[PDB]
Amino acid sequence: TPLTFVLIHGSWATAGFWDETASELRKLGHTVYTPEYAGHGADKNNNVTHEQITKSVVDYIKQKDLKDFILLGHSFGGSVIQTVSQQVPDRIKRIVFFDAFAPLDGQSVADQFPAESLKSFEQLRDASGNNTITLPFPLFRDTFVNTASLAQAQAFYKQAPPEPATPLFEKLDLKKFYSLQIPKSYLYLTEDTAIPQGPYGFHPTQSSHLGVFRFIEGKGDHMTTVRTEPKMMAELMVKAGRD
């Protein structure tokens, strides 16, 4: 039966992250929205806050008056789907975390990282002199697009803009999110190393934050597979999103 998806990209990404996978979901007959949000894409605001990002997504949903949809977030987008779901819970059928962070109440996204990764991100933020984090291409190539060829890694890095740092480090009040009875799914790709696998990995550590959820597993990494295997990704998003 037809589904409506609202897809929320994460850091070092734009709404164009979803171009190939959103096309394949539409070919299955689903309706797909891929909003851009504050401080990202064409909105230049290196001092953007988590609440400004959240407001930009809630305003997009309200302006289209969307109801009964699957809210899906990737990476830092997991924190966005949590804060958006607190504001429009009546509109959401299911919340899907796709290789996404799920901070606990009183935590930031940065709080999810191992000590060495936290240090690296603070250093990148401070090096910029403009409150942004530019991923080094060697780190990107070997931990974000590990399964890509070099030519693919270089093409995808062109679409990985510097990230405004404030929303990664803000502590979030997620008491409302953790009270919601909306069903949750976690869609995990087994080569995703954007956060190192082990005690801090996306799965089972981040996914376990959701409590009861529907686990769907696939093959891929953080940023290659939505471009290279969009049919398979569309099918996994349906398996995670469907009733």
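In case it trips you up, residue 1 is the first one in the sequence shown, and so on.
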Next item on the list: Could you settle it for me: does 172-180 or 213-221 have the higher average Cα B factor in the PDB entry?
Entry: 172-180
Next item on the list: State which stretch shows the higher mean Cα B factor in the entry: 190-198 or 43-51.
Entry: 43-51
Margin query: Highest Cα temperature factor in the entry, among the options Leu72, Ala100, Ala153, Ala115: which one is it?
Written below: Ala115
Next item on the list: Please pick out which of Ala148, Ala127, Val84, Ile95 has the largest Cα B-factor as recorded in the entry.
Entry: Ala127
Check: Thinking about Cα B factors across the chain, which third does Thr132 belong to?
Finding: middle
Notebook entry, point to check: What third of its chain's C-alpha B-factors does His30 belong to: lowest, middle or highest?
Noted result: lowest
Notebook entry, point to check: Can you tell me which third, lowest, middle or highest, the CA B-factor of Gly78 falls into for its chain?
Noted result: lowest
Next item on the list: Can you work out whether the C-alpha temperature factor of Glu163 puts it in the lowest, middle or highest third of the chain?
Entry: middle
Margin query: Test of reading the entry: by CA B factor among the chain's modelled residues, which third contains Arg91?
Written below: middle
